[PDB]
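Peer 1: Structure below; questions to follow.
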Amino acid sequence: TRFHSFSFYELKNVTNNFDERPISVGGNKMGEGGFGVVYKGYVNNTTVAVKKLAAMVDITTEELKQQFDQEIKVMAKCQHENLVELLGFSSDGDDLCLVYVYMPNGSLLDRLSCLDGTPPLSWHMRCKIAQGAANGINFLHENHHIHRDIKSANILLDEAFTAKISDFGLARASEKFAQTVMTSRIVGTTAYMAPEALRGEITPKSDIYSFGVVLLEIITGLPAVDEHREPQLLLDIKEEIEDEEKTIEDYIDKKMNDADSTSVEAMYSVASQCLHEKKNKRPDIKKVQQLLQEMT
Amino acid sequence: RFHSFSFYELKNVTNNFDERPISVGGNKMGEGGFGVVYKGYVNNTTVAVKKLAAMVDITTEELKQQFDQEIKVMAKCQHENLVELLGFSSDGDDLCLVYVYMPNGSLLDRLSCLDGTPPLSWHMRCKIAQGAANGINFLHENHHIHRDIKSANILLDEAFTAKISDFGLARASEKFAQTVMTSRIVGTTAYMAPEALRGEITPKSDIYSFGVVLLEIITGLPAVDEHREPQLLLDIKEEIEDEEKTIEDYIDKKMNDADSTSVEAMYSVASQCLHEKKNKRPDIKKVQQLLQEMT
Amino acid sequence: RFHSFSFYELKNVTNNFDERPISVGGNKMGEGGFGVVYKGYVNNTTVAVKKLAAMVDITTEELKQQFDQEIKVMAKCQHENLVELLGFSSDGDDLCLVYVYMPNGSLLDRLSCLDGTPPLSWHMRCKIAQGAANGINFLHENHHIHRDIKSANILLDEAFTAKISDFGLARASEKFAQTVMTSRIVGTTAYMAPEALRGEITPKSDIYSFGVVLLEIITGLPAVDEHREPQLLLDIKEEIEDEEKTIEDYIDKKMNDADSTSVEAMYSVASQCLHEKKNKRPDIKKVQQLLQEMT
Amino acid sequence: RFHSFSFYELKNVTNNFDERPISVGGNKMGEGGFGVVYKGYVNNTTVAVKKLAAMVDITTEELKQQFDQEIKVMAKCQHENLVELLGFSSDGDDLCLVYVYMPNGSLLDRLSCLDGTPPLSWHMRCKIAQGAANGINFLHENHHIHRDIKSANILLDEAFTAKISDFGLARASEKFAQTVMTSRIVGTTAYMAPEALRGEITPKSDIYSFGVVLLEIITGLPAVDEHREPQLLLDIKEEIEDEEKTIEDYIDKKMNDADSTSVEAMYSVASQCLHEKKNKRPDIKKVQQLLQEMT
Ligand SMILES: O=C(Nc1ccc2nc(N3CCOCC3)oc2c1)c1cccc(-c2ccncc2)n1
Ligand SMILES: O=C(Nc1ccc2nc(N3CCOCC3)oc2c1)c1cccc(-c2ccncc2)n1
Ligand SMILES: O=C(Nc1ccc2nc(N3CCOCC3)oc2c1)c1cccc(-c2ccncc2)n1
Ligand SMILES: O=C(Nc1ccc2nc(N3CCOCC3)oc2c1)c1cccc(-c2ccncc2)n1
């Protein structure tokens, strides 16, 4: 309600009739994936990140409307240094759009991969980013919220490479741990998800796991999944290291000249604790926060 | 023309061959190959110092042949796109070679962004392709085969001028002989040409292998990766030639100035180099001409 | 917030603050009246540590005041285009500030091609310019004045991302109250606007100085040169405006890719920065918009 | 036996002598007075066609005499540090000279990094100095004076081999019976020795002007700059000789690999060259020997 209500044809323009070409070459479309497509725009002189929702999977009306509702609803209460900022939205012209503040460095995912040829993130920059992400999450768990879709792709970077969590559409209003809560409709990103999450069980323990996957993604500079790589899953490296088959040293990203063993292995151990298969044998976000704060 | 070096000079200038990486204040630049190179300083000039090491695979006298050959070829061949040899060390029998240091290391490394270097642009990638393609021309013109064209050997100076290093396996060719063989295989397999693996030495082998480097330039992927499907880069060429994937699927996303035409032009050249039939391949002069015609 | 260091730590990481030049296996990177700087490795991360050498110029208190003003602004401000302070070492005397190292040094030196570096070409010279303008904007958003904009204080990282450095002389402005004064004038005279030299303080003094920098980019000439006519770069603008000379003449010849429209565009910016009435200048927001509107 | 070309044959390869720079698809590589240099292609061979041009100063016969002289020398003199002629065109009333193309232009240009070429290191320069010196020694071994030795006329090949050029003003000499005189007077002021400027002729003069080229190499500064203090280069010898400045003040900073023991050696020779009293200067063979002993 405090968020500004745009009209659809107020922001179809700024997005350049939603120009499907990238910034690289003329057009607007910055990022795809999820349940829409994120374009750039220009309002109040400034740049912004617009997201036109669209039905790729889950082809049903109110579903995407409720995730839209959820996105907004969450963003109302939740505000933090390590969370994105919604400026407004657009429901009229029934194509659900969302206007945010522009993050000039986009996803952690992309900046690890160096998509469009960006410089490789130094160890030191990542350390901060890992701490930042963990902090933003802690706020959600404090404000009793589960994200249900934590991944590099949903962790974005401002003008100073500040980790800010994004996409609270699948986020769930939670309790302490009432008792074990469930869904029939299971949703999330497979390579990142916790086992119980993959069994439809909902819990703030499940977002800890997936952050483990990010902390690895960071250390290795390898995504959680790749259909042309053995092992296809990053996750599987844990057991490789856990069976002394290789060390973490072997997997440390080589696109860095500022990495050291102590910090790396500290960030490994933390990441492994998150990825402990017993949901309840894992540490809580705050314990993680601490561990990362201690690392430096 | 060159310069002799008491071993200690070379030891000292490299902090007694500081095995620590140069990326963290050490002196070691790279290993493997044949020996191990260190970033040194000789009379204020920064140099490279390939200190050879004895591997149970090559003889202690077979390693002289290579040490000799490296020198033999240099003496004749000086070129803007070929690394320079200042001197050497036969004394301290461990055998170090002293070259002019190359501030941007290997193409391979910079294709990987090793130690956190920025990803090379397409435009810059073209200059490098053109660089080595001239550098090879000078070898064929001077009746020489390299026998190990790899991005590991295509080094870069402070302006990214490509210069071919490591003439340990180089030989001498003469005219339309062909079928010329050996009883000992040597080279880096992910780049080597089919016949070359058989021993069959010929300048046309170098073309094929340059063909492989052009892929590495376009894809940003090494010729071999053990943790990848398919582990050898050539397989891709067939996926593209049979249309399962396209050239576009394997463009390096770690650049953003790479237009579709010149990239599909550079691929054509690599395809033509990587002809299964050796004699349908273009000799370096055509490659070089197309690489001109590209930009 | 920042890791306050102790004592020796920074000495031992800097080879006892070894004074030798980096380009010949030394430890000293740069110098100035403010103090001296060295390259150091702190836990594998390379850093720039500035050990503060006092002169006849300023006293303990003044020197400390500047040592603090860095931290106060750095506490508030971190940015892509603003260098990154990691810590400090106030214990004892001499004083140290720690930053993240910047592998391509200052804009002034890569314009001068100091230590055999290649000459930055026009496209890089815009990126850098466009970068520097962003850093200035963020300070002017945080209501801060730099009071010493120059190419020496615009450093270049691995990827030549331009970052604004050094905030000893930095000051916090107002929204729009009134022009401010001081009894001790400060900075590098070659860049400093007339008012700034009169002890005046205003956001638009940084603009003017940034205007000078842009000439240093376009021409490749420093802001001043003892052995050159005219010794001050600022003079050549009037020689262009009163058209005894063309900006065309003064363009840097250590590059090939410059084109007239974009170069005259950057001088069209540099001109408006260098207006004599401080108010007739456009604010950095405009400048930034122009440098963007260029490419 | 040089090939005799048709003026049309040479107009073809140059595209009617296309006046643009090659940057924008032209053929003009440079000029000066004497004539103009165009880029060309015959039998693949990149070539440097030199279309002689009349500049209010020379009669069509005074220019022809230099045309005849250029060839007269080339015919007799062949050295790996002297540029190579291939032919000419007398018919078509323009007069032309076809030399093998030099892919790294002049010494002058590269010192200046013209068109953004990377700065030449100390090492390269030393090599170059030697190369240039040896060619002169060949000229004087076949009793000849160049009479216009400058950076410009020293050109650089694909391995940066120093080769001297333009012998239109080269004169035939003997075993120094007496000194020769003229009533011309030819040459380029900033490089010319006093007696040369007085209209004397001798091989002593080339030696002096080589000194000027050596400084240029140490300094990376041209023999003259009308916007510089001192405008001449050879005055620096005085400032050095009167210890007002040091040679170490003037070393070109666009290297990273200079050293005192070798640079101060080069200066010592360079000074001997510039000895006001001509006869006190050492014969080129010495210069050569000295330069040889410097490495
Ligand atoms: O800024 C955003 N996103 C982005 C993505 C991608 C981006 N790529 C860049 N670049 C510049 C720097 O150069 C590389 C390209 O900036 C990029 C920015 C943003 C900001 C706020 C919310 C949301 C979002 C919410 C819900 N669902 C999806 C997204 N997104
Ligand atoms: O400079 C060389 N090599 C190198 C390797 C690795 C290097 N890594 C860096 N850097 C870290 C990354 O940042 C840039 C500096 O510089 C690097 C430089 C060099 C130079 C001359 C000959 C030869 C050579 C010859 C025969 N056989 C093998 C090699 N090599
Ligand atoms: O990297 C820095 N500085 C530098 C200087 C000189 C340098 N020369 C080189 N190189 C040799 C030549 O080759 C390229 C690298 O890298 C050089 C780097 C740096 C980094 C961060 C802050 C500050 C600084 C702050 C406040 N006041 C002054 C400085 N400085
Ligand atoms: O190659 C020559 N000359 C040249 C000039 C200028 C050149 N500029 C380039 N390049 C653009 C810049 O990049 C490098 C290549 O190559 C350049 C080459 C040459 C060769 C032989 C004789 C003579 C000559 C003789 C009598 N009078 C005048 C000249 N000249």
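Each chain in the structure tokens gets a letter, A, B and so on, in the order shown; residues start at 1 in every chain, and ligands are counted from 1 in the order they appear.
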Using only C-alpha atoms and all ligand atoms, find each residue with an atom at most 7 Å away from ligand 2 and format the answer as a list in words.

Peer 2: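 Listed by chain and ascending number, the contacts are residues 22, 23, 29, 30, 37, 47, 48, 50, 83, 99, 100, 101, 102, 103, 104, 105, 106, 114, 115, 117, 153, 155, 165 and 166 of chain B.
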
Peer 1: Mind writing the picked residues with N, CA and C atoms as an mmCIF file, in the first residue's frame?

Peer 2:
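Saved to selection.cif:
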data_model
loop_
_atom_site.group_PDB
_atom_site.id
_atom_site.type_symbol
_atom_site.label_atom_id
_atom_site.label_comp_id
_atom_site.auth_asym_id
_atom_site.auth_seq_id
_atom_site.Cartn_x
_atom_site.Cartn_y
_atom_site.Cartn_z
ATOM 1 N N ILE B 22 54.368 -17.079 -7.756
ATOM 2 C CA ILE B 22 54.543 -15.639 -7.983
ATOM 3 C C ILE B 22 53.317 -14.819 -7.570
ATOM 4 N N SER B 23 52.137 -15.436 -7.644
ATOM 5 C CA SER B 23 50.882 -14.799 -7.242
ATOM 6 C C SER B 23 50.857 -14.390 -5.765
ATOM 7 N N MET B 29 56.461 -19.855 -11.521
ATOM 8 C CA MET B 29 55.423 -19.430 -12.463
ATOM 9 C C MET B 29 54.611 -20.616 -12.951
ATOM 10 N N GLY B 30 55.305 -21.657 -13.400
ATOM 11 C CA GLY B 30 54.645 -22.860 -13.889
ATOM 12 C C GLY B 30 55.533 -24.081 -13.819
ATOM 13 N N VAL B 37 59.430 -23.166 -14.560
ATOM 14 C CA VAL B 37 59.891 -21.801 -14.847
ATOM 15 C C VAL B 37 59.637 -20.851 -13.674
ATOM 16 N N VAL B 47 63.144 -11.795 -16.163
ATOM 17 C CA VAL B 47 63.350 -12.921 -17.084
ATOM 18 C C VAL B 47 62.502 -14.132 -16.708
ATOM 19 N N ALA B 48 62.531 -15.141 -17.575
ATOM 20 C CA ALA B 48 61.984 -16.457 -17.270
ATOM 21 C C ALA B 48 63.147 -17.435 -17.175
ATOM 22 N N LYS B 50 63.448 -21.426 -17.072
ATOM 23 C CA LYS B 50 62.964 -22.808 -17.129
ATOM 24 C C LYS B 50 64.054 -23.776 -16.665
ATOM 25 N N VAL B 83 59.108 -16.122 -28.510
ATOM 26 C CA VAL B 83 59.787 -15.717 -27.284
ATOM 27 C C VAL B 83 61.299 -15.726 -27.496
ATOM 28 N N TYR B 99 64.970 -16.867 -20.760
ATOM 29 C CA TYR B 99 64.230 -16.160 -21.787
ATOM 30 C C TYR B 99 63.854 -14.778 -21.291
ATOM 31 N N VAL B 100 63.271 -13.990 -22.185
ATOM 32 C CA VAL B 100 62.660 -12.726 -21.812
ATOM 33 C C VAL B 100 61.304 -13.024 -21.164
ATOM 34 N N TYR B 101 61.124 -12.528 -19.941
ATOM 35 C CA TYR B 101 59.897 -12.726 -19.174
ATOM 36 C C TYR B 101 58.681 -12.245 -19.959
ATOM 37 N N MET B 102 57.558 -12.932 -19.765
ATOM 38 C CA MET B 102 56.304 -12.601 -20.433
ATOM 39 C C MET B 102 55.218 -12.276 -19.405
ATOM 40 N N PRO B 103 55.076 -10.983 -19.050
ATOM 41 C CA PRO B 103 54.129 -10.423 -18.074
ATOM 42 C C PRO B 103 52.644 -10.829 -18.115
ATOM 43 N N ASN B 104 52.203 -11.567 -19.130
ATOM 44 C CA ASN B 104 50.816 -12.025 -19.172
ATOM 45 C C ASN B 104 50.686 -13.546 -19.256
ATOM 46 N N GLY B 105 51.770 -14.257 -18.951
ATOM 47 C CA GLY B 105 51.753 -15.719 -18.899
ATOM 48 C C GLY B 105 51.203 -16.389 -20.144
ATOM 49 N N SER B 106 50.501 -17.507 -19.958
ATOM 50 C CA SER B 106 49.970 -18.289 -21.079
ATOM 51 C C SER B 106 48.573 -17.845 -21.507
ATOM 52 N N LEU B 114 43.132 -17.521 -14.649
ATOM 53 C CA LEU B 114 43.897 -18.026 -13.503
ATOM 54 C C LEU B 114 44.452 -16.883 -12.643
ATOM 55 N N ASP B 115 44.440 -17.079 -11.327
ATOM 56 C CA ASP B 115 44.846 -16.047 -10.355
ATOM 57 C C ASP B 115 43.967 -14.782 -10.395
ATOM 58 N N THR B 117 42.560 -13.076 -13.207
ATOM 59 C CA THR B 117 42.768 -12.074 -14.258
ATOM 60 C C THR B 117 41.461 -11.825 -15.004
ATOM 61 N N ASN B 153 51.756 -22.941 -24.655
ATOM 62 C CA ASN B 153 52.983 -22.447 -25.287
ATOM 63 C C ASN B 153 52.839 -21.102 -26.000
ATOM 64 N N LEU B 155 52.426 -17.691 -25.386
ATOM 65 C CA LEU B 155 52.537 -16.743 -24.277
ATOM 66 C C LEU B 155 52.229 -15.318 -24.717
ATOM 67 N N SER B 165 56.366 -20.300 -27.470
ATOM 68 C CA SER B 165 57.490 -20.767 -26.665
ATOM 69 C C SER B 165 57.631 -22.285 -26.760
ATOM 70 N N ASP B 166 58.738 -22.801 -26.239
ATOM 71 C CA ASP B 166 58.946 -24.240 -26.059
ATOM 72 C C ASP B 166 59.232 -24.988 -27.360
#

Peer 1: At a cut-off of 9 Å and counting only C-alpha atoms and all ligand atoms, what residues surround ligand 1? Please answer as a count of residues only.

Peer 2: 52

Peer 1: Give me, as a list in words, the contact residues of chain A against chain B at a cut-off of 10 Å, counting only C-alpha atoms.

Peer 2: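 Close to chain B, chain A has residues 24, 25, 110, 111, 113, 114, 115, 116, 117, 118, 119, 120, 121, 122, 123, 226, 227, 228, 229, 230, 231, 232, 253, 254, 255, 256, 257, 258 and 259 of chain A.
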
Peer 1: Can those selected residues be exported to a file as an mmCIF file, in the first residue's frame so that it contains N, CA and C atoms?

Peer 2:
data_model
loop_
_atom_site.group_PDB
_atom_site.id
_atom_site.type_symbol
_atom_site.label_atom_id
_atom_site.label_comp_id
_atom_site.auth_asym_id
_atom_site.auth_seq_id
_atom_site.Cartn_x
_atom_site.Cartn_y
_atom_site.Cartn_z
ATOM 1 N N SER A 24 23.762 -5.820 -23.308
ATOM 2 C CA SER A 24 24.890 -6.097 -24.200
ATOM 3 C C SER A 24 24.634 -5.544 -25.601
ATOM 4 N N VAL A 25 23.524 -5.972 -26.201
ATOM 5 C CA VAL A 25 23.162 -5.581 -27.565
ATOM 6 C C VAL A 25 21.792 -4.887 -27.609
ATOM 7 N N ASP A 110 25.931 -15.237 -11.574
ATOM 8 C CA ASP A 110 26.510 -14.684 -12.797
ATOM 9 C C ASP A 110 27.921 -14.156 -12.610
ATOM 10 N N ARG A 111 28.174 -13.523 -11.468
ATOM 11 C CA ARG A 111 29.474 -12.920 -11.196
ATOM 12 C C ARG A 111 30.513 -13.957 -10.799
ATOM 13 N N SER A 113 30.324 -16.955 -12.431
ATOM 14 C CA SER A 113 30.517 -17.451 -13.797
ATOM 15 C C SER A 113 31.177 -16.430 -14.738
ATOM 16 N N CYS A 114 31.096 -15.150 -14.381
ATOM 17 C CA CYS A 114 31.636 -14.046 -15.185
ATOM 18 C C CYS A 114 30.871 -13.819 -16.485
ATOM 19 N N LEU A 115 29.594 -14.201 -16.509
ATOM 20 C CA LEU A 115 28.737 -13.985 -17.679
ATOM 21 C C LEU A 115 28.864 -12.551 -18.183
ATOM 22 N N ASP A 116 28.936 -12.394 -19.503
ATOM 23 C CA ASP A 116 29.163 -11.091 -20.152
ATOM 24 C C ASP A 116 30.546 -10.502 -19.838
ATOM 25 N N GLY A 117 31.456 -11.347 -19.349
ATOM 26 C CA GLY A 117 32.868 -11.002 -19.182
ATOM 27 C C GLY A 117 33.240 -10.071 -18.047
ATOM 28 N N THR A 118 32.718 -10.322 -16.847
ATOM 29 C CA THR A 118 33.086 -9.514 -15.673
ATOM 30 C C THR A 118 34.319 -10.114 -14.989
ATOM 31 N N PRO A 119 35.064 -9.287 -14.240
ATOM 32 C CA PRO A 119 36.266 -9.754 -13.539
ATOM 33 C C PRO A 119 35.975 -10.753 -12.409
ATOM 34 N N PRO A 120 36.872 -11.731 -12.197
ATOM 35 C CA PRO A 120 36.571 -12.772 -11.227
ATOM 36 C C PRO A 120 36.636 -12.254 -9.792
ATOM 37 N N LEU A 121 35.609 -12.568 -9.004
ATOM 38 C CA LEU A 121 35.488 -12.079 -7.628
ATOM 39 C C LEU A 121 36.589 -12.614 -6.705
ATOM 40 N N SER A 122 37.317 -11.687 -6.086
ATOM 41 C CA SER A 122 38.393 -12.030 -5.170
ATOM 42 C C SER A 122 37.829 -12.754 -3.968
ATOM 43 N N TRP A 123 38.650 -13.598 -3.347
ATOM 44 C CA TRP A 123 38.281 -14.259 -2.094
ATOM 45 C C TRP A 123 37.695 -13.277 -1.091
ATOM 46 N N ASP A 226 25.452 -28.922 -13.333
ATOM 47 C CA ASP A 226 25.900 -28.736 -14.711
ATOM 48 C C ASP A 226 25.755 -30.048 -15.470
ATOM 49 N N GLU A 227 24.956 -30.046 -16.535
ATOM 50 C CA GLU A 227 24.662 -31.277 -17.277
ATOM 51 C C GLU A 227 25.840 -31.802 -18.116
ATOM 52 N N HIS A 228 27.005 -31.159 -18.002
ATOM 53 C CA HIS A 228 28.212 -31.563 -18.730
ATOM 54 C C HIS A 228 29.437 -31.509 -17.816
ATOM 55 N N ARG A 229 29.391 -32.275 -16.734
ATOM 56 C CA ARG A 229 30.433 -32.238 -15.712
ATOM 57 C C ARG A 229 30.229 -33.380 -14.730
ATOM 58 N N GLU A 230 31.296 -34.116 -14.439
ATOM 59 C CA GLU A 230 31.256 -35.154 -13.418
ATOM 60 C C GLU A 230 32.039 -34.624 -12.230
ATOM 61 N N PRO A 231 31.390 -34.513 -11.057
ATOM 62 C CA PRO A 231 30.012 -34.906 -10.777
ATOM 63 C C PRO A 231 29.014 -33.817 -11.153
ATOM 64 N N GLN A 232 27.904 -34.209 -11.774
ATOM 65 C CA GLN A 232 26.859 -33.260 -12.183
ATOM 66 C C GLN A 232 26.444 -32.308 -11.074
ATOM 67 N N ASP A 253 38.428 -22.410 -6.172
ATOM 68 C CA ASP A 253 38.431 -21.695 -7.451
ATOM 69 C C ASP A 253 39.800 -21.085 -7.729
ATOM 70 N N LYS A 254 40.317 -21.328 -8.930
ATOM 71 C CA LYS A 254 41.653 -20.869 -9.310
ATOM 72 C C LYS A 254 41.655 -19.446 -9.881
ATOM 73 N N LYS A 255 40.471 -18.888 -10.104
ATOM 74 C CA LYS A 255 40.340 -17.511 -10.575
ATOM 75 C C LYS A 255 40.447 -16.526 -9.398
ATOM 76 N N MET A 256 41.422 -16.763 -8.523
ATOM 77 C CA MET A 256 41.641 -15.944 -7.339
ATOM 78 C C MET A 256 43.119 -16.002 -6.988
ATOM 79 N N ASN A 257 43.688 -14.859 -6.609
ATOM 80 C CA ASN A 257 45.057 -14.808 -6.089
ATOM 81 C C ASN A 257 45.106 -14.450 -4.605
ATOM 82 N N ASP A 258 43.935 -14.294 -3.986
ATOM 83 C CA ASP A 258 43.846 -13.812 -2.605
ATOM 84 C C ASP A 258 43.200 -14.815 -1.637
ATOM 85 N N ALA A 259 43.172 -16.092 -2.009
ATOM 86 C CA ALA A 259 42.617 -17.130 -1.140
ATOM 87 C C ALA A 259 43.688 -17.694 -0.203
#

Peer 1: For chain B against chain D, which residues fall within 12 Å using only C-alpha atoms, given as a ChimeraX atom specification?

Peer 2: /B:1-3,41-47,76-84,86,100-101,103,134-135,138,157-161,163,285-286,289

Peer 1: Write the residues you've just listed into a file as a compact mmCIF listing (two decimals), in the first residue's frame, and include N, CA, C and O atoms for each of them.

Peer 2:
# COMPACT_ATOMS: atom_id res chain seq x y z
N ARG B 1 76.31 -15.27 -29.59
CA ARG B 1 75.03 -14.49 -29.57
C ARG B 1 74.32 -14.55 -28.21
O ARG B 1 73.82 -13.54 -27.72
N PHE B 2 74.26 -15.75 -27.63
CA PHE B 2 73.63 -15.97 -26.32
C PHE B 2 74.65 -15.81 -25.19
O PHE B 2 75.75 -15.32 -25.42
N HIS B 3 74.27 -16.20 -23.98
CA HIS B 3 75.07 -15.91 -22.78
C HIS B 3 75.09 -17.11 -21.84
O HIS B 3 74.04 -17.69 -21.55
N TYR B 41 64.93 -11.83 -11.95
CA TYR B 41 65.39 -10.49 -12.29
C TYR B 41 66.89 -10.54 -12.52
O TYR B 41 67.65 -10.86 -11.62
N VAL B 42 67.31 -10.24 -13.75
CA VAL B 42 68.72 -10.30 -14.13
C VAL B 42 69.16 -8.95 -14.68
O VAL B 42 68.85 -8.59 -15.82
N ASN B 43 69.89 -8.20 -13.85
CA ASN B 43 70.35 -6.86 -14.21
C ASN B 43 69.15 -5.94 -14.47
O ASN B 43 69.08 -5.28 -15.51
N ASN B 44 68.21 -5.95 -13.53
CA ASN B 44 66.95 -5.18 -13.62
C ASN B 44 65.94 -5.70 -14.64
O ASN B 44 64.74 -5.44 -14.50
N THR B 45 66.40 -6.42 -15.66
CA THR B 45 65.51 -7.07 -16.62
C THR B 45 64.83 -8.27 -15.96
O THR B 45 65.50 -9.14 -15.40
N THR B 46 63.50 -8.31 -16.02
CA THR B 46 62.74 -9.47 -15.55
C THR B 46 62.88 -10.57 -16.60
O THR B 46 62.73 -10.30 -17.79
N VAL B 47 63.14 -11.79 -16.16
CA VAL B 47 63.35 -12.92 -17.08
C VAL B 47 62.50 -14.13 -16.71
O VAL B 47 61.83 -14.14 -15.68
N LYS B 76 68.59 -19.35 -35.18
CA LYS B 76 68.10 -18.94 -36.48
C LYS B 76 66.89 -18.01 -36.34
O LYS B 76 66.91 -16.88 -36.84
N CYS B 77 65.87 -18.46 -35.62
CA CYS B 77 64.58 -17.79 -35.61
C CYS B 77 64.42 -16.73 -34.54
O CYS B 77 64.31 -17.04 -33.36
N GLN B 78 64.41 -15.47 -34.97
CA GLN B 78 64.01 -14.35 -34.12
C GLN B 78 62.83 -13.65 -34.77
O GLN B 78 62.87 -13.30 -35.95
N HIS B 79 61.76 -13.45 -34.00
CA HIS B 79 60.53 -12.87 -34.51
C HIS B 79 59.71 -12.24 -33.40
O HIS B 79 59.70 -12.74 -32.27
N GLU B 80 59.01 -11.15 -33.72
CA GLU B 80 58.14 -10.47 -32.76
C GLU B 80 57.16 -11.41 -32.06
O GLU B 80 56.80 -11.18 -30.91
N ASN B 81 56.73 -12.46 -32.76
CA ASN B 81 55.82 -13.46 -32.20
C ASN B 81 56.49 -14.79 -31.85
O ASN B 81 55.91 -15.86 -32.05
N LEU B 82 57.71 -14.71 -31.33
CA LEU B 82 58.41 -15.88 -30.82
C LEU B 82 59.25 -15.43 -29.63
O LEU B 82 60.01 -14.47 -29.74
N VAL B 83 59.11 -16.12 -28.51
CA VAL B 83 59.79 -15.72 -27.28
C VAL B 83 61.30 -15.73 -27.50
O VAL B 83 61.82 -16.56 -28.23
N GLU B 84 61.98 -14.79 -26.85
CA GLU B 84 63.41 -14.58 -27.07
C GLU B 84 64.22 -15.34 -26.03
O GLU B 84 63.83 -15.44 -24.87
N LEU B 86 67.68 -15.29 -24.10
CA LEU B 86 68.84 -14.50 -23.72
C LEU B 86 70.06 -15.42 -23.61
O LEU B 86 71.11 -15.15 -24.19
N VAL B 100 63.27 -13.99 -22.19
CA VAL B 100 62.66 -12.73 -21.81
C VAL B 100 61.30 -13.02 -21.16
O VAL B 100 60.45 -13.69 -21.76
N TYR B 101 61.12 -12.53 -19.94
CA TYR B 101 59.90 -12.73 -19.17
C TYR B 101 58.68 -12.25 -19.96
O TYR B 101 58.77 -11.28 -20.72
N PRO B 103 55.08 -10.98 -19.05
CA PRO B 103 54.13 -10.42 -18.07
C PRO B 103 52.64 -10.83 -18.11
O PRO B 103 51.90 -10.44 -17.21
N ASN B 134 50.94 -15.81 -37.22
CA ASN B 134 52.11 -15.21 -37.84
C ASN B 134 53.36 -15.89 -37.31
O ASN B 134 54.26 -16.24 -38.07
N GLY B 135 53.40 -16.09 -36.00
CA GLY B 135 54.53 -16.73 -35.34
C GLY B 135 54.83 -18.12 -35.87
O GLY B 135 55.99 -18.52 -35.95
N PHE B 138 56.40 -17.95 -39.57
CA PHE B 138 57.86 -17.77 -39.50
C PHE B 138 58.61 -19.08 -39.26
O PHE B 138 59.76 -19.22 -39.68
N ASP B 157 52.93 -10.98 -23.93
CA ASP B 157 53.68 -9.88 -23.32
C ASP B 157 52.72 -8.84 -22.71
O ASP B 157 51.51 -9.03 -22.74
N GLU B 158 53.28 -7.74 -22.20
CA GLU B 158 52.47 -6.69 -21.56
C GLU B 158 51.44 -6.00 -22.47
O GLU B 158 50.61 -5.24 -21.97
N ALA B 159 51.47 -6.24 -23.78
CA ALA B 159 50.43 -5.75 -24.68
C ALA B 159 49.69 -6.89 -25.36
O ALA B 159 48.99 -6.68 -26.35
N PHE B 160 49.84 -8.10 -24.83
CA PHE B 160 49.14 -9.29 -25.33
C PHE B 160 49.54 -9.66 -26.75
O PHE B 160 48.72 -10.15 -27.53
N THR B 161 50.80 -9.41 -27.09
CA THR B 161 51.39 -9.89 -28.33
C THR B 161 51.69 -11.37 -28.13
O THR B 161 52.39 -11.74 -27.19
N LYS B 163 53.33 -14.92 -28.58
CA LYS B 163 54.66 -15.42 -28.94
C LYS B 163 54.82 -16.88 -28.54
O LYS B 163 54.62 -17.24 -27.38
N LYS B 285 49.89 -20.13 -44.11
CA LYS B 285 49.73 -18.90 -44.90
C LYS B 285 48.28 -18.58 -45.24
O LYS B 285 47.89 -17.41 -45.29
N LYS B 286 47.47 -19.61 -45.47
CA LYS B 286 46.05 -19.40 -45.73
C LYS B 286 45.34 -19.06 -44.43
O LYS B 286 44.62 -18.07 -44.36
N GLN B 289 46.02 -15.66 -43.68
CA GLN B 289 45.24 -14.82 -44.60
C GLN B 289 43.79 -14.71 -44.17
O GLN B 289 43.22 -13.62 -44.20

Peer 1: Which value, in Å to one decimal, gives the distance between CA of residue 276 in chain A and CA of residue 289 in chain A?

Peer 2: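 Separating CA of residue 276 in chain A from CA of residue 289 in chain A is a distance of 17.1 Å.
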
Peer 1: In Å to one decimal, how far is CA of residue 51 in chain C from CA of residue 250 in chain D?

Peer 2: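 Going from CA of residue 250 in chain D over to CA of residue 51 in chain C covers 28.4 Å.
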